[PDB]
Structures are given as C-alpha cells and as structure tokens.
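S.K.: Below are the structure tokens for one structure; questions will follow.
There are 2 protein chains.
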Amino acid sequence: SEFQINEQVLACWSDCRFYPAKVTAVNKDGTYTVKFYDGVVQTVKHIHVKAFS
Amino acid sequence: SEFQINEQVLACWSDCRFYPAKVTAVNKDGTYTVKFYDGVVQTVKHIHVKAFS
Numbered sequence: 085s086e087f088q089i090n091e092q093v094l095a096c097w098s099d100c101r102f103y104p105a106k107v108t109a110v111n112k113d114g115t116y117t118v119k120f121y122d123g124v125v126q127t128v129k130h131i132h133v134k135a136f137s
Numbered sequence: 085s086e087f088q089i090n091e092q093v094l095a096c097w098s099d100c101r102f103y104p105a106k107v108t109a110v111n112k113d114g115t116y117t118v119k120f121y122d123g124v125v126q127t128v129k130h131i132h133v134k135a136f137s
C-alpha cells in the first residue's frame, strides 16, 4: 500500500538521518517526490521511506 | 583535516546506511566526490562522511 500525496513520511537526508517529508508526487516508476520542512525536495524509492507518527 | 583522493570513507546512501566509498575528488567548496563499490558516484559535504571504520 503506497503513501499518498500530501501525506507525511520519514525520508532519509544527506546526514543519514530521517526527517518528516511531505509526499508531493507519487510516480509510476515506484518513487516519491518528497518535500522536507525547509522546502528541500528529493525523489526517493518507496522502499527508502517509512511511516511517520 | 580532510580525507584525501583515493582514500576510503564511509558515505551515506539512499537507504540511510553508510557504505565504503573512495574519494575521487576533493573540492574547494568543502565537498567530496565519492564512488561506492558498485561504481555509483555522489557529491557529499565533508561533514556527511566519516572515517572508514
């Protein structure tokens, strides 16, 4: 089951730590476009993100 | 003290884990160009890599 647009997830950043990011796009190739709080955007594989609570 | 070209370090990858990578370039802007075992190249800040241990 895929995370949905506008949904918050934990995404990995350059410091090898996870931060909350908002799914801005779900792609057919099995990736997500996510946006961190500071506006930084990145594309990541579904398996590289996880639930956030 | 900066890591040097050809020197190996631990670099962060998309799965938020560290893997051994070879420093292929030391840049004036304080970043490294590193190459993982599988040939994957990425540019990272100095503070985002650590001694290969």
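Listed in order, the protein sequences are those of chains A and B. Per full-length UniProt numbering: the first sequence ends with 137, consecutive numbering throughout. Per full-length UniProt numbering: the second sequence ends with 137, consecutive numbering throughout. The beta carbon of each residue, even a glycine, is placed where N, CA and C say it ideally should be.
1) So, are the CB atoms of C96 (chain B) and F102 (chain A) less than 8 angstroms apart?
2) Okay, do the stretch 129–136 of chain B and the stretch 105–119 of chain B touch, 3+ Cβ pairs below 8 angstroms being the bar?
3) I want to verify the contact list: residues of chain A whose CB lies under 9 angstroms from the CB of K129 (chain B), in sequence order.
4) Give the straight-line distance between the Cα atoms of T115 (chain A) and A109 (chain B), rounded to the nearest whole angstrom.
5) Please determine, among A:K129, A:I131, A:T117 and A:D122, the residue with the shortest C-alpha to C-alpha distance to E91 (chain A).
6) Do you know offhand how far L94 (chain B)'s Cα is from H130 (chain A)'s?
7) Considering only residues of the same chain and omitting the five flanking positions on each side of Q88 (chain A), which have a CB-CB separation below 8 angstroms?
M.R.: Taking the coordinates as given:
1) Numbered from 1 along the second sequence, position 12 holds the residue referred to as residue 96 (chain B). Numbered from 1 along the first sequence, position 18 holds the residue referred to as residue 102 (chain A). Not in contact: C96 (chain B) and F102 (chain A) (Cβ atoms no closer than 8 angstroms).
2) Touching, yes.
3) As a working mapping, residue 129 (chain B) is identified with position 45 in the second sequence. Within chain A, the residues near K129 (chain B) are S98 and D99.
4) Locating residue 115 (chain A) in the first sequence gives position 31, counting from the first residue. Locating residue 109 (chain B) in the second sequence gives position 25, counting from the first residue. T115 (chain A) and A109 (chain B): Cα-Cα distance of roughly 29 angstroms.
5) For this step, residue 91 (chain A) is matched to residue 7 along the first sequence. Measuring from the Cα of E91 (chain A), the nearest candidate turns out to be A:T117.
6) Start at 1 with the first residue of the second sequence, and residue 94 (chain B) comes out as number 10. Start at 1 with the first residue of the first sequence, and residue 130 (chain A) comes out as number 46. Near 24 angstroms, if we compare the C-alpha coordinates of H130 (chain A) and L94 (chain B).
7) As a working mapping, residue 88 (chain A) is identified with position 4 in the first sequence. Non-local beta-carbon contacts of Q88 (chain A) in its own chain, meaning distances under 8 angstroms to residues more than five positions away in sequence, involve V107 and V110 in chain order.
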